[PDB]
Amino acid sequence: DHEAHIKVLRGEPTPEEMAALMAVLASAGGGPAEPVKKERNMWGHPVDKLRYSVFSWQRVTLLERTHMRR
Amino acid sequence: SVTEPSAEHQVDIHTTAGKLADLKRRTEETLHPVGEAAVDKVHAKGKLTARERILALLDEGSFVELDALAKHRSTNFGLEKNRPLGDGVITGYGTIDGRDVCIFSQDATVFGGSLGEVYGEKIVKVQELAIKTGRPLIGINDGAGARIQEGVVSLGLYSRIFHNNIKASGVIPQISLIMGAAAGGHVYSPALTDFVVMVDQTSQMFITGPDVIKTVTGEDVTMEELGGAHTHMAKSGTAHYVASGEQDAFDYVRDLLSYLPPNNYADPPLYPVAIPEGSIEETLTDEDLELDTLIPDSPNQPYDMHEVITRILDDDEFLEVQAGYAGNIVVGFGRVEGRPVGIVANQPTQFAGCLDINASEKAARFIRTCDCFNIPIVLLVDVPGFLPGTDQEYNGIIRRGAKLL
Amino acid sequence: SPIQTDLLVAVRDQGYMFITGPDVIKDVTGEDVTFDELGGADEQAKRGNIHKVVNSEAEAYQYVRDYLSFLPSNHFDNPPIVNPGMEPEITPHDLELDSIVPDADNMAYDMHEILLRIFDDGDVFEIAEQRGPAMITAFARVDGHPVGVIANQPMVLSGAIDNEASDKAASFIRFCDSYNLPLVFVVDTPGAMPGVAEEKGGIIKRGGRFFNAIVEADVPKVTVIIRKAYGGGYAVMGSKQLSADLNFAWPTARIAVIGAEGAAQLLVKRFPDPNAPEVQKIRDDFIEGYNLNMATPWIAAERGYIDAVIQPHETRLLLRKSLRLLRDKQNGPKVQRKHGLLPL
Amino acid sequence: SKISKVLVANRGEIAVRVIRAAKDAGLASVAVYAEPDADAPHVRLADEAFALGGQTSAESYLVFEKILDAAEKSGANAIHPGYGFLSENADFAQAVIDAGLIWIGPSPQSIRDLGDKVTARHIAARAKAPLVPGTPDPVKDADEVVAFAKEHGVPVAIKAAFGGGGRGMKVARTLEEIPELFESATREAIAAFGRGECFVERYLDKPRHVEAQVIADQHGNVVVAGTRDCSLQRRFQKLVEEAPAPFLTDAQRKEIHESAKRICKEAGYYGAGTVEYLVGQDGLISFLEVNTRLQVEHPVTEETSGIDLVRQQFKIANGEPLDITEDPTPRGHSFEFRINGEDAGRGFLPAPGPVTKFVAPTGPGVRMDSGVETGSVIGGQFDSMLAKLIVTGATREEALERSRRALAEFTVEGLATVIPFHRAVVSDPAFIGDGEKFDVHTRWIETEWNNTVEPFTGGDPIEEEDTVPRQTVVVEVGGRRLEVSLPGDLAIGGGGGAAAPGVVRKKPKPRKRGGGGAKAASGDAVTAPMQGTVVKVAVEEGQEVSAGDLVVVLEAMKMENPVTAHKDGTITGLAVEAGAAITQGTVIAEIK
Amino acid sequence: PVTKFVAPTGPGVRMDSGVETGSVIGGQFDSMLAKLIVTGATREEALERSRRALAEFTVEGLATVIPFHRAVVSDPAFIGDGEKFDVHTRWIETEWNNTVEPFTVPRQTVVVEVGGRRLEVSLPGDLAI
Amino acid sequence: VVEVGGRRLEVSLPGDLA
Amino acid sequence: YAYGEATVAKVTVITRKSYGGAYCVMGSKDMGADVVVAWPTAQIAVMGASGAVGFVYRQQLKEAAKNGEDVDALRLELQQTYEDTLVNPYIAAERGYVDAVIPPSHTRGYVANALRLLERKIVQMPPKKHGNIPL
Ligand SMILES: CCC/C=C/C=C/C/C=C/CCCCCCCCCC(=O)SCCNC(=O)CCNC(=O)[C@H](O)C(C)(C)COP(=O)(O)OP(=O)(O)OC[C@H]1O[C@@H](n2cnc3c(N)ncnc32)[C@H](O)[C@@H]1OP(=O)(O)O
Ligand SMILES: CCC(=O)SCCNC(=O)CCNC(=O)[C@H](O)C(C)(C)COP(=O)(O)OP(=O)(O)OC[C@H]1O[C@@H](n2cnc3c(N)ncnc32)[C@H](O)[C@@H]1OP(=O)(O)O
Ligand SMILES: Nc1ncnc2c1ncn2[C@@H]1O[C@H](COP(=O)(O)OP(=O)(O)OP(=O)(O)O)[C@@H](O)[C@H]1O
Ligand SMILES: *C(=O)CCCC[C@@H]1SC[C@@H]2NC(=O)N[C@@H]21
Ligand SMILES: *C(=O)CCCC[C@@H]1SC[C@@H]2NC(=O)N[C@@H]21
Ligand SMILES: [Mg+2]
């Protein structure tokens with residue numbers, strides 16, 4: 001076991017109060033849910049809108065890397 | 001053996017501990033490089049120091065200072081007898097709202113804030129850092145031009161700074177705060193940056209001083225009339241905001257930054273929003289329905305276009321830009337579903353919403369800033385045409401109106 | 001084919017590497033040599049043909065797993081982020097740095113005492129430790145992001161940059177740039193090791209390659225000077241003039257063209273009467289003045305050759321802030337072309 | 001003459017104590033400090049402060065020339081030495097008197113005579129004090145020691161005539177040990193103290209340590225202000241002390257109160273002092289020592305007897321007769337707990353570190369005498385003691401109850417302390433006792449106490465789960481105040497963020513070289529394992545050595561640590577000399 | 001705000017305190033921060049110790065009566081001649097020389113029910129969870 | 001799992017809380 | 001902005017005055033001027049000497065005013081000294097802001113040489129969609 005658990009550092013709640021606390025915290029916990037994936041869509045990416053000199057090193061380190069990085 | 005009172009003792013400089021204490025003494029001296037009386041006189045004038053301005057703008061504890069111990073190396077006209085630490089500009093980096101920015105802040109107490117060689121090199125350093133990192137640059141400007149005892153070297157540093165502003169133009173957001181009298185060479189860097197915030201009645205910009213103006217033209221003018229925040233808002237169209245005070249100026253700068261990406265290729269700062277499902281007609285709110293009766297029945301009757309703006313934008317929040325200039329057009333930032341947008345809108349309550357020279361140039365440069373930084377634009381249109389008049393023709397409505405086009 | 005690869009790991013007494021074996025050496029040239037002398041694992045690690053020697057194949061596999069754990073899968077992708085955000089405040093371990101540097105300038109010390117404290121944890125993964133042992137090339141992590149560390153080792157040969165130190169640093173820098181790791185330079189060096197043996201061993205070109213690699217690299221470059229930065233040691237160990245991005249120095253830093261004793265020695269080359277008491281007095285007074293006024297942090301700080309002088313305990317969190325700022329560095333202007341040439 | 005400005009030739013808690021006494025007396029006060037102490041509370045609390053310079057005791061508080069120079073420059077007219085350093089240096093007492101300053105202490109002759117153990121034995125025998133059966137003079141040879149032990153039985157303690165700090169003794173359980181023990185004793189007494197003289201006495205198996213506070217004036221009056229029991233000792237150094245001494249018959253108690261006066265009168269002693277005794281399991285008292293200084297434990301006597309002992313020292317040094325004519329009647333009971341910077345989870349070894357938090361207990365019956373505060377730093381150069389907690393009550397039971405409270409309130413953070421030990425022992429039946437005896441004894445902490453203190457780790461993340469950021473919030477449920485620690489990645493309900501892309505958690509590596517499965521690399525450098533002072537160099541350049549051979553002794557926190565050769569070879573680059581300050585990782589030598 | 005609070009310590013001092021550094025004092029309750037109790041073998045000694053302890057006592061960020069205590073413990077009206085003293089229940093508002101210089105998000109609540117009980121759960125208003 | 005004064009305490013919850 | 005943006009060959013010939021911010025504007029070296037030449041009559045300075053003296057000698061003029069001296073003749077003398085010391089091409093040439101101080105007849109040759117060499121300039125700006133020139 002190496003999950004980081006909730007800790008009650010001070011106080012000793014009765015089981016009813018532990019249940020109220022955990023129910024409220026679990027209702028507050030929200031948003032991401034399961035780890036869905038944002039699908040890759042490079043259409044109209046900002047790096048493609050920039051002017052690069054024909055010999056710009058940013059063609060390698062910015063443009064190409066942005067397209068290739070996965 | 002020798003025993004010193006604690007007031008005169010210093011830890012032995014040959015030890016590592018003594019070298020640590022030496023660094024502490026030097027660092028303390030950088031907090032008041034021309035003595036405590038100058039800081040007291042700034043607070044007595046109700047101003048912040050350059051350091052307090054940095055520490056007020058940035059997130060608490062985020063500031064890393066660079067070149068804190070710099071000293072000028074000029075020997076002209078006896079300058080070498082007064083070498084204040086930092087040479088009169090404080091430079092570094094930190095975060096605003098958790099995003100990293102580069103910053104410089106000119107100190108009017110060191111030679112009137114005038115730019116020397118080392119001062120200029122420090123500004124150039126943080127410019128180069130901002131450009132290579134792709135992070136916003138904030139300049140706080142407060143200085144009496146070139147440091148005249150230093151020669152043309154100061155002009156060479158000005159040129160290097162301007163060239164960096166031009167390189168960075170449309171690459172990173174550049175924001176200039178004017179928090180004192182900026183004279184001479186200090187005025188062009190703001191003009192090359194993307195946004196200018198001036199503090200009302202306590203900041204000025206002018207190339208040539210009132211006394212030279214008096215000599216050459218006979219005009220009496222106060223420095224406030226010549227270069228005040230109100231003048232650069234309402235007349236010359238150079239100031240994008242006039243703050244009521246230094247904290248209000250910092251708040252405007254933080255708001256501006258919240259709409260901007262860190263650079264011309266990063267993604268914008270999208271806010272998370274709950275999007276309701278259903279059709280547009282299913283999703284109409286009461287505040288949306290208020291637009292159906294906004295337009296007067298008579299075509300001769302104006303209305304305030306802010307009534308449209310604040311209803312299409314989230315939380316009714318709208319950061320207006322150049323609010324005091326060319327009021328026949330309204331421009332500014334807001335969000336739609338968390339997306340930053342730029343608004344451009346004709347304002348019927350001023351000149352019937354006509355386009356004129358000043359409105360055209362206001363909207364032209366606003367649009368080009370948004371398009372540099374990938375911010376979409378929404379136009380709210382109620383325009384009868386161009387403002388008629390021979391003054392408009394003679395001052396170039398054709399040439400200058402073509403800029404908005 | 002192995003010598004083309006990025007990491008050579010050999011099993012002791014089992015791995016050997018050589019072109020011609022002992023028999024052919026004896027028959028063609030008459031000289032006699034053992035497999036160990038010719039190409040044993042430890043000998044090849046000292047020659048720098050091999051990066052690591054281990055006692056078993058299991059240890060070799062674990063060294064491979066650890067090594068890959070600091071790296072992306074390829075030139076394009078991102079490395080693992082491991083334990084981000086630990087210890088956001090000043091710790092006692094940070095405060096231990098304020099007194100780690102010995103008081104006397106002659107004293108050697110182990111650089112690992114610093115390296116174990118300025119990164120996220122003790123996971124300083126050293127590579128090619130036996131090659132050029134006056135230099136450390138290691139992986140570490142800063143806020144969970146992996147970085148390459150180049151550090152002088154004062155414990156060994158005063159931390160002087162010899163031939164094998166120069167080529168170890170050069171090859172490690174090129175590898176790190178190729179896989180986009182930021183570079184942290186930790187400086188305590190008198191510069192290049194003098195002598196006829198080093199000159200004949202190629203110290204000029206090897207230093208030239210170290211210089212070439214450090215300027216070529218596009219990755220973020222941050223430097224911390226601990227004590228000595230003399231001459232080419234100052235220059236090559238991530239000076240700002242050679243395109244380092246952020247430069248910090250501890251208050252014990254000493255930045256100079258030459259150390260006090262070398263400056264005193266040429267001082268005494270003129271009017272040379274080195275047996276007299278008075279010239280020894282003159283040397284002592286010169287060294288004292290030089291270590292007070294010249295060989296210090298302060299001239300470089302006042303000229304802005306370094307960006308800040310810092311309390312040693314600041315180093316860990318300051319490295320985090322700096323590399324966060326530099327994370328999206330774009331290095332330019334550079335003219336794209338087939339390649340850069342290097343002394344070879 | 002009369003005292004008007006006191007220089008406090010000491011540091012830390014005792015310096016604060018004496019500065020406070022001087023303010024109460026209306027005297028001016030001068031602090032002196034070494035460079036490590038430039039910010040210490042006493043330096044800020046005194047009316048003046050003088051920098052001795054130097055980093056270590058040998059070059060600061062031990063230097064006569066510097067302390068007398070500070071007195072001259074400040075215009076002090078008296079010196080109070082505190083305890084340790086020069087407080088029992090008879091030659092310093094003489095130099096202070098020769099400078100025309102008021103020495104706040106016993107006469108140099110009394111210091112010299114009671115500091116010599118065998119002269120002290122003769123004085124106590126002349127005073128008809130209770131002595132443990134033992135040799136009246138130094139023993140000459142192991143054969144004489146064997147003859148003594150054959151006469152008196154076993155075990156026998158062989159003791160250095162000038163030793164201290166618990167190193168002054170060895171014990172022989174079986175006769176055959178005597179020659180090796182005597183060799184070790186004469187060797188190490190020469191090495192540490194410059195004197196080889198040894199004497200032998202019956203070793204008491206489980207003794208209590210009991211001591212009488214004396215106040216004696218220069219007019220020959222003596223008052224025994226009370227007794228302490230100091231049996232809770234570690235490495236023969238005291239950790240917990242209490243007053244009055246509990247569980248003594250009135251016959252024992254009066255024999256102590258009378259023999260202490262006879263001993264002081266025979267010694268010609270004046271000033272504050274203490275007579276130490278041992279009490280056997282048989283109940284026999286035996287004279288042990290006279291300490292010619294103010295005791296560290298003095299405040300439990302102050303609290304029980306109502307006397308300010310430092311101001312009594314000022315009065316005596318002014319030459320006034322005692323205003324107290326009779327031994328005070330104790331009221332209540334008091335404990336002192338020494339707050340040493342020592343980790344009870346590693347055998348009470350001291351370590352330097354930052355005092356990032358220090359919250360003293362307050363309220364009923366609590367007195368705190370501290371030399372540190374939040375933001376202080378403990379270097380490796382001086383004794384580990386941060387502070388003393390004194391807890392007083394109407395009875396031993398009420399003082400224990402108050403001690404359990406006060407020690408629960410006491411918070412120190414940023415370095416290890418013995419507070420977890422004090423928390424144990426004030427709740428341990430062996431020390432509570434049965435109401436007529438208790439089981440603690442001068443070796444109980446090492447050989448009997450159930451040490452369950454977990455080793456100090458501070459805030460370091462050690463396990464994988466420790467690396468996760470956490471937030472602490474206050475929740476009220478039904479009114480109950482709860483403090484709840486929430487992981488920064490809690491995947492509860494719809495919560496997430498369990499990993500940003502590529503984030504991995506693993507056990508962090510300790511900030512130590514290599515794996516723990518080996519001691520060191522094959523490298524030739526001997527490196528200092530800690531900050532300290534090189535107290536001894538045991539080798540010379542070109543000496544051949546073998547693994548395990550002593551190379552240097554490093555003193556840190558006033559404890560000696562031997563640094564030894566990790567391999568065989570030749571010492572090839574010895575870079576240190578005795579007295580040199582040294583940093584962790586410094587290369588001492590290369591073995592080749 | 002009680003921006004600093006350093007009680008005196010050492011011989012004869014007891015501090016009973018309701019505040020510590022970082023406490024905020026509002027107008028809703030009585031003004032008493034703490035009680036400093038000082039004890040000695042005699043009245044004179046307890047005064048001497050009081051002059052010490054009150055010189056050590058440091059409180060910053062609000063006004064306190066500590067300067068009054070520092071005066072009165074040195075004031076001949078209170079030290080007394082040794083068989084009487086001159087203070088009385090009006091001696092502070094009159095007769096004493098008053099030479100002291102003048103000083104210079106809501107929580108969220110959720111009403112849960114659990115079996116037969118209502119339970120308000122109160123949380124900080126910005127709980128990020 | 002919740003820790004309360006060093007006690008472990010399993011709490012079981014529905015998988016569908018907001 | 002226009003001059004600093006420009007990446008064609010940029011040659012500057014200074015024929016007398018180049019002061020202050022106008023110096024920075026009119027093709028200074030650090031604005032990226034590829035070749036800067038000055039005639040012997042070039043005057044490159046922070047500002048005109050009558051303005052400069054007011055500030056660099058303001059203390060001396062005040063002392064002379066307290067002494068009641070002919071401060072007008074003092075200003076003339078200080079101004080002449082400032083002009084003779086600084087209001088020339090050589091301080092900028094010393095800094096290397098001027099590449100060469102040339103006889104005026106050489107101008108056409110220096111221009112022709114520079115323009116022939118700089119037909120292709122291998123210079124670049126940071127990638128951008130466009131700049132944001134003041135409007
Ligand atoms: C972005 C842009 C990117 C650009 C990047 C570009 C990419 C990078 C570039 C790309 C990189 C380019 C890579 C180029 C590749 C290299 C080309 C290869 C050509 C050679 O380089 S081709 C050498 C020709 N060759 C030797 O030298 C032998 C070594 N030189 C000697 O002088 C040897 O000492 C010699 C000759 C005496 C012996 O040869 P030995 O092999 O060294 O070893 P040995 O004989 O001692 O071994 C034991 C021996 O016992 C015998 N034996 C074995 N088993 C049994 C059995 N069961 N029963 C009986 N007898 C047995 C048998 O004879 C065996 O011999 P073997 O080992 O099996 O051959
Ligand atoms: C290209 C830029 C140029 O050619 S310089 C353009 C004109 N030069 C100027 O100095 C502008 C006008 N300067 C001033 O007199 C003031 O600084 C202005 C901006 C008017 C604001 O006045 P204020 O600071 O309130 O009063 P003040 O002038 O008495 O204080 C100025 C202190 O700083 C100094 N100072 C000022 N300007 C410069 C300068 N350009 N070079 C060098 N030093 C300068 C003044 O000597 C004075 O310092 P101090 O108080 O005498 O110790
Ligand atoms: N005969 C003995 N039998 C048992 N324990 C003994 C005996 N003598 C000494 N001890 C132990 O030694 C401890 C202290 O010894 P002692 O007082 O002689 O030395 P010290 O405190 O180091 O002296 P000094 O004042 O010279 O520094 C006693 O508390 C007791 O624990
Ligand atoms: C009646 O229609 C003529 C008066 C209105 C002329 C208006 S003024 C503003 C618009 N601009 C323009 O040229 N004509 C329009
Ligand atoms: C050293 O740092 C200062 C004195 C503290 C150690 C001395 S030794 C003798 C006393 N006994 C004890 O336990 N501490 C005192
Ligand atoms: Mg003792």
# chains A, B, ... in the order shown; residues from 1 in each chain; ligands from 1
>>> residues_near_ligand(ligand="ligand 3", cutoff="9 Å", atoms="only C-alpha atoms and all ligand atoms", output="ChimeraX atom specification")
/D:88,115-117,132,134,156-159,161-169,171,200-210,230-231,233-238,276-278,280,286,288-292,441-443
>>> write_last_selection(atoms="N, CA and C atoms", output="compact mmCIF listing (two decimals), in the first residue's frame")
# COMPACT_ATOMS: atom_id res chain seq x y z
N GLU D 88 35.99 26.18 36.22
CA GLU D 88 36.80 25.42 37.17
C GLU D 88 38.28 25.42 36.80
N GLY D 115 39.44 19.95 42.67
CA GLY D 115 39.57 19.37 41.35
C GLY D 115 40.52 18.21 41.29
N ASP D 116 41.53 18.18 42.17
CA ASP D 116 42.35 16.99 42.32
C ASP D 116 41.56 15.94 43.10
N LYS D 117 41.24 14.82 42.45
CA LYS D 117 40.39 13.81 43.06
C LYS D 117 40.99 13.22 44.33
N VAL D 132 33.13 5.53 50.01
CA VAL D 132 33.06 4.14 49.53
C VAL D 132 34.41 3.47 49.77
N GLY D 134 37.83 2.13 49.29
CA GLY D 134 38.66 2.43 48.14
C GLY D 134 40.05 2.80 48.57
N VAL D 156 35.27 -3.61 40.73
CA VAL D 156 36.03 -2.47 41.20
C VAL D 156 36.13 -1.45 40.07
N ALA D 157 36.03 -0.17 40.42
CA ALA D 157 36.20 0.91 39.48
C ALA D 157 37.60 1.47 39.60
N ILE D 158 38.30 1.57 38.47
CA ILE D 158 39.57 2.26 38.37
C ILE D 158 39.34 3.58 37.66
N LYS D 159 39.81 4.67 38.26
CA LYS D 159 39.37 6.01 37.94
C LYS D 159 40.58 6.93 37.84
N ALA D 161 42.65 10.29 38.26
CA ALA D 161 42.68 11.27 39.33
C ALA D 161 42.25 12.66 38.89
N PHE D 162 42.10 12.89 37.58
CA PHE D 162 41.70 14.20 37.07
C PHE D 162 40.59 14.09 36.03
N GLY D 163 39.99 12.92 35.87
CA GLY D 163 39.07 12.69 34.78
C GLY D 163 37.69 13.29 35.02
N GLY D 164 36.95 13.45 33.93
CA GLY D 164 35.62 14.00 34.00
C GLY D 164 34.79 13.56 32.82
N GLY D 165 33.57 14.09 32.76
CA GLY D 165 32.69 13.84 31.63
C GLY D 165 32.38 12.38 31.40
N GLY D 166 32.35 11.58 32.47
CA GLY D 166 32.11 10.15 32.37
C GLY D 166 33.24 9.31 31.82
N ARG D 167 34.25 9.92 31.19
CA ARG D 167 35.40 9.17 30.71
C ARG D 167 36.40 8.86 31.82
N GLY D 168 36.22 9.42 33.00
CA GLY D 168 37.13 9.26 34.11
C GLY D 168 37.13 7.91 34.78
N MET D 169 36.35 6.93 34.31
CA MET D 169 36.20 5.67 35.02
C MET D 169 36.17 4.51 34.04
N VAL D 171 35.37 0.04 34.80
CA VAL D 171 34.95 -0.92 35.82
C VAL D 171 35.40 -2.31 35.43
N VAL D 200 41.58 3.26 42.74
CA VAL D 200 40.63 2.16 42.62
C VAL D 200 39.73 2.13 43.84
N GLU D 201 38.45 1.87 43.61
CA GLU D 201 37.47 1.83 44.69
C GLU D 201 36.39 0.81 44.34
N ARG D 202 35.58 0.46 45.34
CA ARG D 202 34.42 -0.39 45.09
C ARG D 202 33.49 0.28 44.09
N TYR D 203 33.12 -0.46 43.05
CA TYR D 203 32.08 -0.03 42.13
C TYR D 203 30.70 -0.38 42.69
N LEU D 204 29.83 0.61 42.80
CA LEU D 204 28.45 0.39 43.24
C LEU D 204 27.58 -0.03 42.06
N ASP D 205 26.77 -1.07 42.26
CA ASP D 205 26.14 -1.75 41.13
C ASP D 205 24.99 -0.96 40.52
N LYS D 206 24.06 -0.47 41.35
CA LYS D 206 22.90 0.28 40.86
C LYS D 206 22.66 1.49 41.75
N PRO D 207 23.63 2.39 41.83
CA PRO D 207 23.53 3.50 42.78
C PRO D 207 22.60 4.59 42.28
N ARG D 208 22.05 5.33 43.23
CA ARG D 208 21.47 6.63 42.95
C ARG D 208 22.55 7.69 43.05
N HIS D 209 22.37 8.77 42.30
CA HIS D 209 23.21 9.95 42.43
C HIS D 209 22.43 11.02 43.17
N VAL D 210 22.97 11.45 44.31
CA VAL D 210 22.34 12.44 45.18
C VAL D 210 23.37 13.52 45.46
N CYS D 230 19.82 13.03 40.83
CA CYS D 230 20.19 13.15 39.42
C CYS D 230 20.52 11.80 38.81
N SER D 231 19.78 10.76 39.21
CA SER D 231 20.10 9.40 38.81
C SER D 231 19.80 9.09 37.35
N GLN D 233 20.81 9.39 34.21
CA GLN D 233 22.02 9.80 33.53
C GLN D 233 22.24 8.96 32.28
N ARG D 234 22.87 9.56 31.29
CA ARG D 234 23.19 8.89 30.04
C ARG D 234 24.65 9.19 29.75
N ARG D 235 25.43 8.14 29.48
CA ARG D 235 26.88 8.27 29.35
C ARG D 235 27.47 8.99 30.56
N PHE D 236 26.93 8.69 31.74
CA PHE D 236 27.30 9.33 33.00
C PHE D 236 27.06 10.83 33.00
N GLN D 237 26.27 11.34 32.07
CA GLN D 237 25.87 12.74 32.08
C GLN D 237 24.37 12.83 32.31
N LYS D 238 23.96 13.82 33.10
CA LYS D 238 22.61 13.87 33.64
C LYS D 238 21.61 14.33 32.59
N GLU D 276 28.47 16.10 45.58
CA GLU D 276 27.84 14.96 44.97
C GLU D 276 28.14 13.72 45.80
N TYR D 277 27.15 12.83 45.88
CA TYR D 277 27.24 11.57 46.60
C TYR D 277 26.61 10.47 45.75
N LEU D 278 26.98 9.23 46.05
CA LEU D 278 26.28 8.06 45.56
C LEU D 278 25.61 7.33 46.71
N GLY D 280 23.98 3.65 47.58
CA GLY D 280 23.93 2.28 47.12
C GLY D 280 22.56 1.66 47.29
N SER D 286 27.89 7.55 50.03
CA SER D 286 29.32 7.62 49.79
C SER D 286 29.64 8.92 49.07
N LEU D 288 31.25 11.49 46.64
CA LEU D 288 31.67 11.34 45.26
C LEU D 288 32.51 12.51 44.76
N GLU D 289 32.04 13.74 44.93
CA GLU D 289 32.73 14.87 44.31
C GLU D 289 32.30 16.17 44.97
N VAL D 290 33.11 17.20 44.82
CA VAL D 290 32.65 18.58 45.00
C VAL D 290 32.81 19.35 43.70
N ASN D 291 31.71 19.91 43.21
CA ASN D 291 31.72 20.75 42.01
C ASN D 291 31.83 22.19 42.46
N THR D 292 32.86 22.87 41.99
CA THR D 292 33.25 24.19 42.49
C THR D 292 32.65 25.30 41.66
N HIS D 441 18.22 4.23 38.24
CA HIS D 441 19.59 4.23 38.74
C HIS D 441 20.49 4.77 37.64
N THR D 442 21.73 5.08 38.00
CA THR D 442 22.61 5.82 37.10
C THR D 442 22.95 5.10 35.80
N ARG D 443 22.50 3.87 35.61
CA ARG D 443 22.67 3.16 34.35
C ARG D 443 21.35 2.65 33.79
>>> residues_near_ligand(ligand="ligand 4", cutoff="12 Å", atoms="only C-alpha atoms and all ligand atoms", output="list in words")
residues 299, 300, 328, 348, 350, 351, 352, 353, 354, 355, 356, 382, 383, 384, 385, 386, 387, 388, 389, 390, 392, 393 and 397 of chain B
>>> atom_distance(atom1="CA of residue 111 in chain G", atom2="CA of residue 152 in chain B")
24.2 Å
>>> residues_near_ligand(ligand="ligand 1", cutoff="8 Å", atoms="only C-alpha atoms and all ligand atoms", output="MDAnalysis selection string")
chainID C and resid 1 4 19:25
>>> write_last_selection(atoms="C-alpha atoms", output="short mmCIF file (atom, residue, chain, number, x, y, z; two decimals), in the first residue's frame")
data_model
loop_
_atom_site.label_atom_id
_atom_site.label_comp_id
_atom_site.auth_asym_id
_atom_site.auth_seq_id
_atom_site.Cartn_x
_atom_site.Cartn_y
_atom_site.Cartn_z
CA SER C 1 29.11 -1.15 -33.79
CA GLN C 4 28.67 3.93 -31.94
CA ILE C 19 40.56 -5.07 -31.94
CA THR C 20 43.53 -7.47 -32.03
CA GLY C 21 43.98 -10.08 -29.33
CA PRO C 22 47.11 -10.96 -27.37
CA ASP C 23 48.22 -13.72 -29.76
CA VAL C 24 48.28 -11.55 -32.86
CA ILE C 25 49.87 -8.72 -30.89
#
>>> residues_near_ligand(ligand="ligand 5", cutoff="6 Å", atoms="only C-alpha atoms and all ligand atoms", output="ChimeraX atom specification")
/D:83-85,237,382-383
>>> interface_residues(of="chain B", to="chain C", cutoff="9 Å", atoms="only C-alpha atoms", output="MDAnalysis selection string")
chainID B and resid 13:17 19:24 62 64:73 85:86 93:94 100:101 118 121:122 129 131:135
>>> decode(residues="range 24-35 of chain D", atoms="C-alpha atoms", output="mmCIF file, in the first residue's frame")
data_model
loop_
_atom_site.group_PDB
_atom_site.id
_atom_site.type_symbol
_atom_site.label_atom_id
_atom_site.label_comp_id
_atom_site.auth_asym_id
_atom_site.auth_seq_id
_atom_site.Cartn_x
_atom_site.Cartn_y
_atom_site.Cartn_z
ATOM 1 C CA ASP D 24 17.534 41.787 38.909
ATOM 2 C CA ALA D 25 20.493 42.901 41.032
ATOM 3 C CA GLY D 26 20.667 46.174 39.098
ATOM 4 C CA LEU D 27 24.148 45.336 37.804
ATOM 5 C CA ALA D 28 25.333 46.058 34.278
ATOM 6 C CA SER D 29 26.037 43.012 32.120
ATOM 7 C CA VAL D 30 28.547 42.247 29.369
ATOM 8 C CA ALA D 31 28.138 39.262 27.064
ATOM 9 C CA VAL D 32 30.985 37.811 25.042
ATOM 10 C CA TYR D 33 30.416 35.674 21.977
ATOM 11 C CA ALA D 34 32.228 33.530 19.464
ATOM 12 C CA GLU D 35 31.341 34.061 15.824
#
